[PDB]
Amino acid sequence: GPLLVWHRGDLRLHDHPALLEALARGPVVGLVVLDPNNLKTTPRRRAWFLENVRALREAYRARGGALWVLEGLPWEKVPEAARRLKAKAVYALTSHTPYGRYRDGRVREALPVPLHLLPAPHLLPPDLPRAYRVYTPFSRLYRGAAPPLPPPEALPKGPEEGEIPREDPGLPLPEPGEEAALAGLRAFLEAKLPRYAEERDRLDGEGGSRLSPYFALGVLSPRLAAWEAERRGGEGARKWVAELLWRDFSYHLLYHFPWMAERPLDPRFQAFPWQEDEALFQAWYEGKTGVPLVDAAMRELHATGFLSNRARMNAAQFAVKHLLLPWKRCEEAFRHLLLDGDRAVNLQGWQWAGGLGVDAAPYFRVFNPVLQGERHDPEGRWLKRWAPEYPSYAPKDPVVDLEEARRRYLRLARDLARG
């Protein structure tokens, strides 16, 4: 009887504890379940996930192995596959999310064989006992990456079942699959890493790796990435690994503070008088604010499914601080546009950019959207690609009065934080 390897947000063969744990015991068959709880999302994200599942199947086939893909609720389909295959047990990487725990609990109940869950590779795990709200103390627990696990060589023969739907992303996807991811990683470490510290705050994000869409789906292990960067070493290297660690900090935060999906981490802000306003929400959402930087960011996001960190923090903070828009709606609309959209990481980013309690980032830091563009888009090349409407970073009939909006937020936030 084979062992089932159930891939979720780990669509790869390299550094995959569940895959190896299973293969060491006997023949394996891989499984992906196309779960409506994750797939009732935007076309771009459905297609990014589907095409990486397709790539993983190709990877299994190229090694002579079998990847099943079934559609439906995991607690129906996983036991289905285990019965049809006569599997002895199912292996998967632990998910520490509320839905991960719910789903895996229901799967374990419905399976008449063990579900063996192994820790996913991390730089630091999300579920350490100590809760940290601040990145520095959390980051000090990291002492360098453990070595990643090899991929299998050839995989054991088995029967393949199930179809992988072809869906329209509506935009150009990156090349899916771990072969493309690993090529991307090795090029970045070679060419860009040396100046990463000096170039990671560009509005165009061209100093960075552009690997988040692979990290989000586990197509690339963060442990392997951290290990490879550390073997490279030099100055870029420490700073880039620090950013990998921000990803793990985000999982840590949502794990210890699950209620931050509902309300600010900082309790002083839980009564902030946000101002719902359909028109303003839409102006922001569609990048029609009259603020060049913000409009460029949101138009790039709509068209591509990616945005640099420096653009994300400007676009997100503008909504929260300059527009006073309810953050939850904005957060969710933002995640749905992102190929790398990842609930914990996006929540972290929004609560950080919004001055809502992450990393004790102070309320009083308010981006000046013309200075931000001046500092992070040299000859204005980025503004020109994405909103050439605008001759400069100067706001052009902005949907709000920018200085008043600034003064208004700071007044409100000064009352709240210091009262």
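All residue numbers refer to positions in the sequence shown, first residue = 1.
Stretch comparison (372-380 versus 40-48) by mean CA B-factor in the PDB entry places 372-380 on top. For the pair 387-395 and 65-73, the mean Cα B-factor is higher in 387-395. Each of 161, 228, 206, 331 has a CA temperature factor in the record; the biggest one is found at 331. If you compare the C-alpha temperature factors of 234, 184, 148, 79 in the entry, 234 comes out highest. Residue-level temperature factors show residue 308 in the middle third of its chain, judged at the C-alpha atom. The PDB entry assigns residue 104 a C-alpha temperature factor belonging to the lowest third of its chain's modelled residues.
When the CA B factors of the chain's modelled residues are split into thirds, the value for residue 258 lands in the middle one. For residue 215, the recorded CA B-factor ranks within the lowest third of the chain. Only modelled residues enter the ranking. Among all modelled residues in its chain, residue 248 ranks in the lowest third by Cα B-factor.
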